[PDB]
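Participant: Have a look at this one.
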Amino acid sequence: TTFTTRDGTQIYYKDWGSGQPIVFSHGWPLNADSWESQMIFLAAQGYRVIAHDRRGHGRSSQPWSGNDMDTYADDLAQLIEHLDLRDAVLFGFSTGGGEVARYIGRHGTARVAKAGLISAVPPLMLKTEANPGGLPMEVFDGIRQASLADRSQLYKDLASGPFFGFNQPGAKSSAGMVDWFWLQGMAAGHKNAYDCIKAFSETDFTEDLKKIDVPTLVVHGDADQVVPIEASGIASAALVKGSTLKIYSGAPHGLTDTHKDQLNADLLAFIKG
């Protein structure tokens, strides 16, 4: 399904099932397809599952401009308002956890019953004087540089090495997970995926997280090589009042796929809470 925002951007979204709405916000450089296993599970359990493609990702249009978290957040706000959702549970994975946080910081929680930050970027990835445990800018520069040189290879390298922990001792890649990650990545616009690197790594969601006044689940692997857990999941859980954190021992960043049934069960229990 498609909806057009006030600025003319066409957002593609999926909407399956009936019951309380659960909105999923995907990671970079993926699209709504990456959430399909949590969506099929939860819709079968009696919920309505909604997942949109961020601007410039998947099937949404690919604007040259507005590839930043304020806009991501405002596009999500317009989708929620368009569907007139009430009592929604917003789940964001990685960059999409930043999207959810910024949506709440800019728009509040009148339409939100609960939120979840899964392997998510908040509060702030970048190493700064206030965030000394973050990652150095050179890391993100490296990702922009590989994006411009050969993004199709970058995606294959990310999925083959850090993203699913296939580079860990005793582990080996599997082609279905590498190529599906690559495939979604190639549907995104090059400009949109490129500009998103700064938006997921430099945006500081600290103030957004202090405005979250609804039950919040934080899920993070402690072997996440892409979004280091101390400066993300642990730090989010500390900032969000009343949040619950589940640390998956030894789990990598893409735990939606490597710890699928575990995550499915944790999301359902959280919703029923």
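Letters A, B, ... go to the chains of the structure tokens in the order shown; residues in each chain start at 1; ligands are counted from 1 in the same order.
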Give me, as a list in words, all polymer residues having an atom no more than 10 Å from residue 39 (chain A), counting only C-alpha atoms and skipping those fewer than 6 positions away in the same chain.
Facilitator: residues 14, 15, 16, 17, 22, 23, 24, 32, 33, 45, 47, 48, 49, 50, 51 and 264 of chain A
Participant: How would the residues just picked look written out with N, CA and C atoms as a tab-separated table (two decimals), in the first residue's frame?
Facilitator:
```tsv
chain	number	residue	atom	x	y	z
A	14	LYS	N	3.19	-1.99	4.48
A	14	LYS	CA	2.47	-3.27	4.58
A	14	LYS	C	1.55	-3.20	5.79
A	15	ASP	N	0.38	-3.86	5.66
A	15	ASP	CA	-0.61	-3.72	6.75
A	15	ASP	C	-1.37	-5.06	6.75
A	16	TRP	N	-1.06	-5.91	7.68
A	16	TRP	CA	-1.63	-7.27	7.72
A	16	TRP	C	-2.39	-7.52	9.02
A	17	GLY	N	-3.50	-8.26	8.96
A	17	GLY	CA	-4.13	-8.67	10.24
A	17	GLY	C	-5.07	-7.67	10.83
A	22	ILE	N	0.73	-2.85	15.67
A	22	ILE	CA	2.14	-2.92	15.98
A	22	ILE	C	2.87	-2.36	14.75
A	23	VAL	N	3.63	-1.29	14.95
A	23	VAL	CA	4.27	-0.66	13.80
A	23	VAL	C	5.76	-1.01	13.89
A	24	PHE	N	6.34	-1.45	12.77
A	24	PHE	CA	7.76	-1.84	12.81
A	24	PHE	C	8.53	-0.86	11.94
A	32	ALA	N	10.99	-2.78	4.88
A	32	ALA	CA	9.96	-3.47	5.68
A	32	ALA	C	10.12	-4.98	5.55
A	33	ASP	N	10.67	-5.50	4.45
A	33	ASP	CA	10.82	-6.93	4.32
A	33	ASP	C	11.60	-7.55	5.46
A	45	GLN	N	-0.91	-13.99	16.09
A	45	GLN	CA	-1.30	-14.01	17.50
A	45	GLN	C	-2.42	-13.03	17.77
A	47	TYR	N	-2.67	-9.67	16.37
A	47	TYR	CA	-2.37	-8.25	16.28
A	47	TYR	C	-2.39	-7.82	14.79
A	48	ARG	N	-2.50	-6.53	14.59
A	48	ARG	CA	-2.41	-5.92	13.27
A	48	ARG	C	-0.95	-5.48	13.14
A	49	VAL	N	-0.31	-5.84	12.05
A	49	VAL	CA	1.14	-5.49	11.92
A	49	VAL	C	1.35	-4.56	10.72
A	50	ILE	N	2.00	-3.44	10.97
A	50	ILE	CA	2.21	-2.39	9.95
A	50	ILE	C	3.71	-2.17	9.79
A	51	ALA	N	4.25	-2.13	8.56
A	51	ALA	CA	5.71	-1.86	8.46
A	51	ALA	C	5.92	-1.01	7.21
A	264	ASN	N	10.72	-13.14	18.81
A	264	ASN	CA	9.28	-13.18	18.64
A	264	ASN	C	8.56	-13.30	20.01
```
Participant: Which of region 115-258 of chain A counts as strand (DSSP E) under DSSP, as a list in words please?
Facilitator: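 Matching residues, listed in order: residues 115, 116, 117, 118, 216, 217, 218, 219, 220, 221, 244, 245, 246, 247 and 248 of chain A.
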Participant: Restricting the calculation to only C-alpha atoms, which member of A:220, A:59, A:26, A:86 is positioned closest to residue 253 (chain A)?
Facilitator: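 Looking only at the distances to residue 253 (chain A), the closest residue turns out to be A:220.
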Participant: Residues at most 7 Å from region 194-201 of chain A, counting only C-alpha atoms, excluding those fewer than 4 positions away in the same chain, as a VMD selection string?
Facilitator: chain A and resid 67 to 69 95 98 121 124 to 126 140 144 147 190
Participant: Keeping C-alpha atoms, export the residues of the selection given above as an mmCIF file, in the first residue's frame.
Facilitator:
```
data_model
loop_
_atom_site.group_PDB
_atom_site.id
_atom_site.type_symbol
_atom_site.label_atom_id
_atom_site.label_comp_id
_atom_site.auth_asym_id
_atom_site.auth_seq_id
_atom_site.Cartn_x
_atom_site.Cartn_y
_atom_site.Cartn_z
ATOM 1 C CA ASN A 67 17.338 11.980 4.429
ATOM 2 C CA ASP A 68 17.610 12.715 8.142
ATOM 3 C CA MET A 69 15.946 11.591 11.411
ATOM 4 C CA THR A 95 18.354 2.847 12.664
ATOM 5 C CA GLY A 98 16.333 6.038 16.219
ATOM 6 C CA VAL A 121 21.106 3.265 17.656
ATOM 7 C CA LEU A 124 24.275 8.227 20.299
ATOM 8 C CA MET A 125 26.783 6.126 18.349
ATOM 9 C CA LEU A 126 29.423 8.733 17.669
ATOM 10 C CA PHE A 140 31.395 6.117 9.725
ATOM 11 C CA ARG A 144 30.499 6.341 3.469
ATOM 12 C CA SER A 147 29.267 3.170 -0.065
ATOM 13 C CA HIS A 190 22.263 5.500 -3.194
#
```
Participant: Need to verify the contact set: residue 66 (chain A), 10 Å, only C-alpha atoms, exclusion of same-chain residues closer than 6 positions in sequence. Can you return it as a ChimeraX atom specification?
Facilitator: /A:7,9,55-56,72,192,195-196
Participant: For residue 212 (chain A), which residue among A:246, A:272, A:191, A:106 is the nearest when counting only C-alpha atoms?
Facilitator: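 The closest residue to residue 212 (chain A) is A:106.
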Participant: Just the number, please: distance in Å from CA of residue 236 (chain A) to CA of residue 210 (chain A), one decimal.
Facilitator: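 Between CA of residue 236 (chain A) and CA of residue 210 (chain A) the gap is 9.3 Å.
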Participant: Could you check the closest approach to residue 160 (chain A) for each of A:175, A:229, A:148, A:240 and tell me which residue wins, using only C-alpha atoms?
Facilitator: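 The shortest atom-to-atom distance to residue 160 (chain A) comes from A:175.
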Participant: So what do you get for CA of residue 215 (chain A) versus CA of residue 115 (chain A), distance-wise?
Facilitator: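 Between CA of residue 215 (chain A) and CA of residue 115 (chain A) the gap works out to 6.5 Å.
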Participant: Considering only C-alpha atoms, can you say which of A:141, A:230, A:70, A:157 comes closest to residue 173 (chain A)?
Facilitator: A:157
Participant: Would you please work out which residue, of A:244, A:18, A:4, A:62, is nearest to residue 85 (chain A) when using only C-alpha atoms?
Facilitator: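 Among A:244, A:18, A:4, A:62, it is A:18 that comes nearest to residue 85 (chain A).
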Participant: Taking 5 positions as the minimum chain separation for residues in the same chain, which residues sit within 10 Å of residue 84 (chain A) when counting only C-alpha atoms? Answer as a list in words.
Facilitator: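 Those residues are residues 78, 79 and 111 of chain A.
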Participant: Would you save the residues from that selection as a PDB file, in the first residue's frame, using C-alpha atoms?
Facilitator:
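Result saved to out-v3.pdb:
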```
ATOM      1  CA  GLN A  78       2.119  11.082   8.844  1.00  0.00           C
ATOM      2  CA  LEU A  79       1.677   7.318   8.244  1.00  0.00           C
ATOM      3  CA  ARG A 111      -1.048   7.386  19.812  1.00  0.00           C
TER       4      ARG A 111
END
```
Participant: Going by DSSP on the backbone, which bits of region 110-243 of chain A are helix (DSSP H, G or I)? Write them as a VMD selection string, please.
Facilitator: chain A and resid 137 to 160 175 to 187 190 to 202 206 to 210 230 to 239
Participant: Write out as a PyMOL selection string the residues lying within 12 Å of residue 258 (chain A), counting only C-alpha atoms and excluding same-chain residues fewer than 2 positions away.
Facilitator: chain A and resi 37+163-166+173-174+177+221+224+248+250-256+260-264
